[PDB]
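Next come the chains, spelled out residue by residue.
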Amino acid sequence: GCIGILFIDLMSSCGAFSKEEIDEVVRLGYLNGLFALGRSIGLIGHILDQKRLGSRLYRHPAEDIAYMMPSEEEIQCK
Amino acid sequence: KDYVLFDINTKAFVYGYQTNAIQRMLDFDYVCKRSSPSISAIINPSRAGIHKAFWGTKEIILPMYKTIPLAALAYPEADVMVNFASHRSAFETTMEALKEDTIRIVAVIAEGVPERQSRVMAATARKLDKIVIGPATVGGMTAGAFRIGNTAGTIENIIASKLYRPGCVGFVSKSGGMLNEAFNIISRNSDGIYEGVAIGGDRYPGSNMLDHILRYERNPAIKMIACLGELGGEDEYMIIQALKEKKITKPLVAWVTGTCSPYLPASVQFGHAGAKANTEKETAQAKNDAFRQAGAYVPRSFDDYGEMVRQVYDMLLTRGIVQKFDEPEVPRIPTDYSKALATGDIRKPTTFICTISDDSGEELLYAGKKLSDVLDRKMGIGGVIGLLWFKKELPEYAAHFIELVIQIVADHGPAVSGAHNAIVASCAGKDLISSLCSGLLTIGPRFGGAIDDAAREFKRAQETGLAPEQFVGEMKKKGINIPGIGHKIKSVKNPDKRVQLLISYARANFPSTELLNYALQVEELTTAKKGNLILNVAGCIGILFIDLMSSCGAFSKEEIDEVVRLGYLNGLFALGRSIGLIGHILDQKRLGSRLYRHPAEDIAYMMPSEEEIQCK
Amino acid sequence: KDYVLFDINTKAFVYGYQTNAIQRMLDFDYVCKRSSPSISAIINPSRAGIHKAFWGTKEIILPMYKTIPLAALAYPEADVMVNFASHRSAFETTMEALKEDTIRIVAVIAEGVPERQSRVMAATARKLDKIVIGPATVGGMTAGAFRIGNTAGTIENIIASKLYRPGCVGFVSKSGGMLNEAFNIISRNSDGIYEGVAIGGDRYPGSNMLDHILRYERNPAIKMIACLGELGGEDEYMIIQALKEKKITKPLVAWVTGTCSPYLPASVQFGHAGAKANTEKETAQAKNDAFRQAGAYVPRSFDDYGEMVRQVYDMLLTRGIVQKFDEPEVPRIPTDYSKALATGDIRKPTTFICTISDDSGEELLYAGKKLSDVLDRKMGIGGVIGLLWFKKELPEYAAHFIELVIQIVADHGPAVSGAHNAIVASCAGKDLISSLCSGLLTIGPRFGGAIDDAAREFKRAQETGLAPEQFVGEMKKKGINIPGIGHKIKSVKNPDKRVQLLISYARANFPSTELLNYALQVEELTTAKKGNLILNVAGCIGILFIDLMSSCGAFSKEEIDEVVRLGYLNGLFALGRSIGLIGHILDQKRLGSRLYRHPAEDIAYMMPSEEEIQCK
Ligand SMILES: CC(C)(COP(=O)(O)OP(=O)(O)OC[C@H]1O[C@@H](n2cnc3c(N)ncnc32)[C@H](O)[C@@H]1OP(=O)(O)O)[C@@H](O)C(=O)NCCC(=O)NCCSC(=O)C[C@@](O)(CC(=O)O)C(=O)O
Ligand SMILES: CC(C)(COP(=O)(O)OP(=O)(O)OC[C@H]1O[C@@H](n2cnc3c(N)ncnc32)[C@H](O)[C@@H]1OP(=O)(O)O)[C@@H](O)C(=O)NCCC(=O)NCCSC(=O)C[C@@](O)(CC(=O)O)C(=O)O
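So, how was this worked out
- Residues numbered from 1 in each chain as written, not as in the entry; some residues may be left out.
- Chains lettered and ligands numbered in written order.
- Part of a larger assembly, values for the part shown.
- Heavy atoms only, no water.
- Helix = DSSP H or I, 4+ residues; strand = E, 2+ residues; numbered from the N terminus.
- Buried < 20%, exposed > 50% of the residue type's maximum accessible area, 1.4 Å probe, protein only.
- Contact = heavy atoms within 4.5 Å.
- Areas by Shrake-Rupley, 256 points an atom, 1.4 Å probe, with all protein chains shown as cover.
- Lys, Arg positive; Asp, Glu negative; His and termini not counted.
- Charge placed at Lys NZ, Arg CZ, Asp CG, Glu CD.
- Near = heavy atom within 4 Å.
- Polar contact = N/O pair within 3.5 Å; in protein donor to acceptor, adjacent residues only side chain to side chain.
- Buried area = accessible area lost by both parts, 1.4 Å probe.
- Salt bridge = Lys/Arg side-chain N within 4 Å of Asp/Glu carboxyl O.
- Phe/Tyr/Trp six-rings, centres within 6.5 Å; stacked < 30°, edge-to-face > 60°.
- Least-squares fit on C-alpha atoms.
- Expected span 1.5 Å × (residues − 1).
- Bend = angle between axes of the 7 residues up to and from the residue.
- Nonpolar A, V, L, I, M, F, W, Y, C, P; charged D, E, K, R; others polar.
- Pairing = 2+ DSSP bridges.
- Axes fitted to C-alpha atoms, helices over the stretch in contact; angles between N-to-C directions.

Determination of this PDB entry was carried out by X-ray crystallography to a resolution of 2.121 Å, according to the record.

Once that is clear, we can look at the overall build of chain B. Helices and strands together make up the secondary structure of chain B, namely 24 helices and 18 strands. Looking at chain B as a whole, 55% of its 616 residues are labelled buried. Across chain B, the fraction of contacts at a sequence separation of at least 24, relative to all contacts at a separation of at least 6, is 73%. Summing over all exposed atoms, chain B offers an accessible surface of approximately 28100 Å²; the carbon and sulfur share of this is 52%. Computing the positive centroid from 72 side-chain charges and the negative centroid from 70, chain B places the two 2 Å apart.

All names here are of chain B. Of all residues adjacent to ligand 1, which total 23 residues, the nearest are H412, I485, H487, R498 and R577. At 3.5 Å, a side-chain N or O of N481 approaches an oxygen atom of ligand 1. Between ligand 1 and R577 there is a distance of 2.7 Å, counted from an oxygen atom to a side-chain nitrogen or oxygen. Within the complex, the protein chains bury 76% of what would otherwise be the 1100 Å² of accessible surface of ligand 1.

The next point concerns the interface of chain C and chain B. A common way to state how big an interface is: give the accessible area lost once the parts meet. Between chain C and chain B, the contact holds 55 residues from the first and 55 residues from the second. Interface area for chain C against chain B, summed over the two sides, is near 5100 Å², with a carbon-plus-sulfur share of 57%. When residues of chain C are sorted by the area they lose upon contact with chain B, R347, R446 and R597 of chain C head the list and together hold 20% of the total. At the junction of chain C and chain B, the tally comes to four salt bridges. Linking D27 of chain C and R347 of chain B is a salt bridge whose minimum nitrogen-to-oxygen distance equals 2.9 Å.

Quick look at the packing of aromatic side chains now. Scanning the model with the defined rule gives 30 aromatic pairs over all chains in all. Aromatic pair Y30 of chain B and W55 of chain B: ring centres 5.8 Å apart, planes at 85°, arrangement edge-to-face. On the criterion of sequence distance, the pair formed by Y30 of chain B in helix 1 (residues 19-31) and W55 of chain B in strand 3 (residues 49-55) is long-range, its members being 25 residues apart. Residue class for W55 of chain B comes out buried when judged on its relative accessible area of 12%. Taken together, a centroid distance of 6.2 Å and an interplanar angle of 45° make the contact between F401 of chain C and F545 of chain C tilted. Of this pair, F401 of chain C sits in helix 14 (residues 396-408) while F545 of chain C is found in helix 21 (residues 537-551), placing the two residues 144 residues apart along the sequence.

Between chain C and chain B, the superposition needs a rotation of 180° and an axial shift of 0.0 Å, giving an RMSD of 0.0 Å. Such values leave the two copies arranged in the relation of a two-fold axis. Of the C-alpha atoms belonging to chain C, the one lying closest to the rotation axis is found on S438 of chain C, 2.1 Å away. Residue by residue, 100% of the interface of chain C is reproduced at the interface of chain B, so both copies engage with the same surface.

Turning our eyes to something else, we now look at helix 3 (residues 32-53) of chain A. Between its first and last C-alpha atoms helix 3 of chain A spans 31 Å; for 22 residues at 1.5 Å apiece the expected length is 32 Å, and the two agree. At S40 of chain A, helix 3 of chain A shows its maximal kink, close to 30°. All of the buried residues along helix 3 of chain A are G33, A36, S40, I41, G42, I44, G45, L48, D49 and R52 of chain A. Buried residues along helix 3 of chain A sit against helix 13 (380-390), helix 16 (432-440), helix 22 (557-566) and helix 23 (570-591) of chain B. Looking one or two residues past helix 3 of chain A, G54 of chain A carries a phi angle of roughly 65°, positive in sign.

Looking now at the site of ligand 2. Lining the immediate surroundings of ligand 2 are 23 residues, of which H412, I485, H487, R498 and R577 of chain C lie closest. Looking at what sits near ligand 2, you find residues from chains B and C. Between an oxygen atom of ligand 2 and a side-chain N or O atom of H487 of chain C, the distance comes to 2.7 Å. Out of a free accessible area of 1100 Å², ligand 2 has 75% covered by protein chains. Split by residue class, the shell around ligand 2 holds nine nonpolar, seven polar and seven charged.

Turning to the interface of chain A and chain B, a few remarks are in order. Contacts between the two partners involve 22 residues from chain A and, on the opposite side, 31 residues from chain B. For the pair chain A and chain B, the two sides together bury roughly 2200 Å², of which 74% comes from carbon and sulfur. There are zero salt bridges connecting chain A and chain B. Viewed at the interface, chain B and chain A are joined by six residue pairs in polar contact. If you list the elements that add at least two residues to the side of chain A that touches chain B, you get helix 2 (19-28) and helix 3 of chain A. Looking at the side of chain A that touches chain B element by element, the count peaks at 15 residues for helix 3 of chain A. Within the side of chain A that touches chain B, the residues separate by chemical class into eleven nonpolar, seven polar and four charged.

On to the sheet that holds strand 3 of chain B. Residue and element names in this part refer to chain B. Sheet architecture is open: seven strands sit in the order 3-4-2-1-5-6-7, paired in mixed fashion. Two strands in the sheet have a free side with no partner beyond their single neighbour: strand 3 and strand 7 (131-133). Taking each pair of neighbouring strands and ignoring which way they run, the sheet shows an average axis angle of 25°. With four bridges connecting them, strand 1 (residues 12-15) and strand 5 (residues 80-83) associate as parallel partners. Directly across from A12, in strand 5, lies its bridge partner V80.

Quick look at the structure:
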């Protein structure tokens, strides 16, 4: 929220964008690109960290999942 | 029976998403050996859905409804509503529940409810033969049968005070916290409470103490009545008048708090909204004296309340009015993991290790360094990558070489595989993230992702002592392309200025460029055969990064070997080229581009014959 | 001191990745108040790296080395090796450790080690002034200082037997399990053991009982010696001879098990490899008699062993030889979560719910139905999708319509967005999964992913009572394309036979096609304007699926509304079209296709001017 709001203030006040240009930027969705680009640094870092650690295959623990199957009656009708 | 408020068959709705209160009720139902939970549904005005909670150690699902009428229609057996609405909505929600034919009791927890609203709720309850416990109360409970929300706290307290089995004492107070203290006092000085109710401390309650005391008088299971009142209002005078009119025949223990008031200024308003003696009659002294004169068992102070309970109970026990019963088996319940972990009782191993960042403290850390210090020191994007990928605070020229690479590989036009796929996904109306990943997934051995292999193969050739001609010759014999060599459009005739820009930076700032010098000798040989076999941008980055790591002093030979083996360097191209991919995606959205379909005239459709698909 | 085997400064290597034994050692070090762990490194022949374990409630890292020389060179302070190698490698690993100048003690756990190998290990140990405890032993321990692997079991047993503080008893046995029982017996009948060692039950041990008994005789902290032997071999005769030669002056409690042997056949070989009396001298009777005659304190049977310990200790206590000491504070350690969970002490809520499959039992379940029953009933791929996506056992014609859709949308040539992107990634040398996802990420509103919106918009128009002309008119006014209408190559002039095939199946098998009839009326109007505005394959699937759900009897109005709102139907196109995407990827790999780069002549490069980039 802080990045999106401040970027609108930046575009509105820097003199480089017209009201139409700002409206186009908002409508088309540019700003999520900043988070994808920035966060790719940490994602690549986490990937490399697990390779250096020699980490094993993960399987989510069964004790963290409530398996709640429907009854035979439930799958036969509505 | 009209005198029974709750029993072991009582079903209730909990208005408000109060997960702790919901769990407390279920835990009591479980230790009381109930067959099914005392809660039929949760009323959550913000969301309809499901709520998962425990039944001992087993998880169960409770339905969640948005409104009171929808829940009542689904569960008509539920006649109690535990109302956790704020003081801003307590009146309208209680009045809505009271208008439902199937709801009989409403417990109002909220503090700060107007006196007029409480007067209207009390009158509405009396007119419809319903019960309002509160406002400003925890509720109450029938020992061994039902509890209102948080009444009687922890299961440990329920067990210590033997609240999982009924006794012979009918208890009523104004105070919620004192109702729990009283449960402890009474359990230690008698066979415990049968039922206990806190009417709240507001001067106009939904139900007065006498309403509950009259029910205890009719109940044959109750042989003893006990109550704890306070100064302000005239509620206790209803009890004293009933005691004088012989409407209460069972022995009644009574104490009115607020004896401090005459010693302090007249203007002092106490905790509860109704705890302020406006007249002499409203004082604790006038109330305790009128109680004494009416025949009640009144102690000298609150200190001897349990002793008065012990005296009245012992009297009933000797006279045969109350019978001694065998203590039932002590119930058990598993402790919540979070409690056992907090008290240090248990330990649990972590599944993952993280060495590059920590978000769990007061400030985000990148390889142990506070984000504030990273920014104050102007480490920049290259310095952030040094910390997160290499766990090093790199020399400035090494962080600037990383930033130079990102700018140099940011984009190389729309025609390359990654930009082309991202443009096709953007023309198909895809969002930015899907379109970006569509293009990033083309990064591999032929496009972009040759950096790791160029670093690997040139380092091996130069280290194992191969002459550039022997390396070129060996790779040709194995039928393996030299990674970092060759280009689709750049060549001897069309030189790649990006490679020149990376080479000038390394010559001006790296203490040594031995692997670059070797790579340039390999390039002289490859370009002599075919002009397009230049040292490309991927080969240039991989080779220069090896020279950077070898000469900056920050990496040992082992660290460099680990970087090469694990494949770090293709990350630089993925990161840099994401700038141009996002740009191409946005360009197609601004252009209003239509869906692309590859032209048929660019595809040779060559189907196999029927004979070919029938055999081999 | 030569008599001390282990102390509080002893550092050790654990040969073999025995995580439980590693944790047991660390837990003992923690309860004994050691400053640092007793383990310097783990020797894991399969892998070098790190091992995470607990130090109380805190997690620590232990280094892991592939070989004994590499670990010894890294941690020269470690002089003990706890060897968990199998009987197949116990000799060579113990001999390798004995050849290391810095290793002094090796504990061999393995059972089944040849007698010749043990003879060579014992002689090698004696020649180099080193100690071999084992083979076929748990090890031993110095109370309050160090434990060999699993010696003395659980921390609960360590606390109950007061093994966190030394006593005055020097103990030695053959049996590992009896060494732990003896720790309990001795703690209850004296101030406990100072040190205890189990030499193993093999007839040629690495160290004999006398080796340890002689160390106890020199140690001033030990005032009492106790030992438990057994029939077979002549080990105990070394003790009796030392007792006769006045080499053991401290009082010695001794018992030799195997008194049963003369009552049973001579051929009976007992548990331990060395437990078989070949001669009369080797029997328990001959050993216990020779012990009695040598001056040792020998009980009547094993039953009175603790009583003999109590008698000898009490004698030392009265005579002043042993001094009474104050019991140190009882140490504490957190319980492992898994133990508290198994015993039912704690409960922990699940984060996720799964309602569609269960892999945690004896057999995989798809919506509660065993995979075996799914296959025996020939439910097919359509029936599997009915279970996993809809949680229904669908009628056969509904499961066959799902399979018909998958076949019909499997491929539509290489030119479409998804197939085109998957081909470009495959030409770039990408693996199958990356290339597949590159193409699947183009599935959205214009290509493939129009199914959900077609179902949504046509259902709304038909339900809200809009006439086909009003729906066409309303969408045009909003500037919104009708989803499921329009095509790049199919039209009135080039009809889509896939749409015809789906329509014929629904007419022949669905009880009703009301939404299809409405959609076909919309198509008459759109095609009247432009021939390419046909009801496309995505619109046809979405609309027919609504008719299928509405008419098959298996879905309520609410269930259908939920399916439409959440977007299930685009999954059918993703699943079906993955067949053709994988096919196109494989086709390019078989063709040996080169890297694609979009031709420059198909791109209009239109850069902004310098003036345009400087202002707005
Ligand atoms: C680049 C390309 C795929 C071109 O392929 P082509 O399809 O044109 O050629 P091929 O069909 O493989 O063969 C042609 C003839 O030359 C021989 N020949 C070719 N390469 C040879 C070689 N490496 N070693 C020896 N010999 C070779 C081959 O043996 C045959 O000769 P012959 O047998 O006598 O008939 C190819 O060189 C290659 O795989 N290189 C290694 C991978 C690599 O480093 N990739 C990074 C490139 S930078 C980048 O990705 C970023 C980019 O700059 C991209 C952009 O802008 O485009 C941007 O910023 O976006
Ligand atoms: C299919 C396409 C993108 C074509 O676009 P085009 O770029 O050619 O056309 P546009 O530039 O949008 O406009 C042209 C003029 O017709 C008007 N006009 C167009 N569509 C109109 C419409 N839906 N409702 C009203 N009016 C319309 C428009 O208003 C303008 O008229 P005007 O304003 O007077 O100038 C377009 O129809 C569209 O988005 N449809 C809805 C999405 C949809 O259902 N997708 C599924 C298609 S099945 C599939 O994906 C599977 C496939 O079969 C694919 C394959 O094989 O290709 C396989 O198996 O792989």
